[PDB]
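Before any questions on how it binds or moves, here is one chain, the form solved without Ceftriaxone (9F2), in structure tokens.
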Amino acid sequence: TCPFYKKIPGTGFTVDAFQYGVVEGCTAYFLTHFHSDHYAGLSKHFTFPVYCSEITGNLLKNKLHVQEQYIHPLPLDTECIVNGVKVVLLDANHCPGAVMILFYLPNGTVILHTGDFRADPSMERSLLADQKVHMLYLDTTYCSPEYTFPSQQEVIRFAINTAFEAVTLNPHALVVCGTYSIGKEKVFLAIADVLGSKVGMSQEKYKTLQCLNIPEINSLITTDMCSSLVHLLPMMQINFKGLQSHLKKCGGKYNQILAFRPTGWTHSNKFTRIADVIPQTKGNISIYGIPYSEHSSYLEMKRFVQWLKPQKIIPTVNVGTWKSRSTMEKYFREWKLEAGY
């Protein structure tokens, strides 16, 4: 049945709640972003109103075939009224089209649902600055102090410099990048830009990217693999067997592969700096795991919450075990006592 942490009290609303059938008393279904664990259940047969960003609504129409009459896109940073309740969508710094949602309840309670987010100091200057938030539905993916990672900028600098060195040393090397959802487009687009190449990919993946309002995208991507020296493949194929196989398909155009797997966190991070990352190598194939995250580190999450000073926190991630739930509640109490709210 629909868990309580997907329901917004005092409304008829649910968030990311498409896999439970008809939720009793739900008049509007919000969708924070187009990742499968969140849209699970949507299809061309859905007949209730879906509220989301413009980019999410492009993906609903083109990839899942949801009928246009039930898609309600909203502009960001704009006060809108939905079934009698004021709401605002804010950029979540997650994947393309991902939002956080501010609800202004009729009794005067203000609720923020972060969906999935990577907290940033820039959020402290959005419309969140303008009023008090009473309850926070929080993306707690990495809510423990072991989760540190570098900035997205430092990670992209490493990837660009690695790729450019490799291909300048060997003009017959191929660069491969893995993907299994939207997000992390900067990785492959930044590497193709430094090499003077388009990124080549499957028809399905090109279709997905053409939904994302990225500027000048027709200049950066292609379905012609032959004209490209940066290839995108399914994440599953980023292993020695998969890459050896792919290399055979390129008909002797290339004699080396340099491959990137943008993982979330990996315990090489507790010790190793970004400067110090090394690949796994077999023969003429090397694979780099790079810590490009689209979720908050522990420290970023802690700063956002200590700035916002919510009266109540409801975690949305890692809620299935008692030990996880107890640990999270302990950090929330620490943060509150350190900051004095």
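One-based numbering along the sequence shown.
The same protein also exists as the form deposited with Ceftriaxone (9F2) bound; that form is not shown, yet it is the one meant from here on.
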Contact between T162 and Ceftriaxone (9F2) in the bound PDB entry at 4.5 Å, heavy atoms? no
Residue-level contact is defined here as any heavy atom of the residue lying within 4.5 Å of Ceftriaxone (9F2) in the bound PDB entry; does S228 satisfy this criterion? no
With heavy atoms only and a cut-off of 4.5 Å, decide whether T208 touches Ceftriaxone (9F2) in the bound PDB entry. no
Give a yes/no on whether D37 approaches Ceftriaxone (9F2) to within 4.5 Å in the bound PDB entry, heavy atoms considered. yes
Out of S151, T263, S197, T222, which one falls within 4.5 Å of Ceftriaxone (9F2) in the bound PDB entry, going by heavy atoms? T263
Work out which of the listed stretches, 67-75, 153-161, 198-206, 138-146, brings a heavy atom within 4.5 angstroms of Ceftriaxone (9F2) in the bound PDB entry. 138-146
Note that Ceftriaxone (9F2) is not shown here; using its position in the bound PDB entry, name the residues of 159-187 with a heavy atom within 4.5 Å of it, in sequence order. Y180
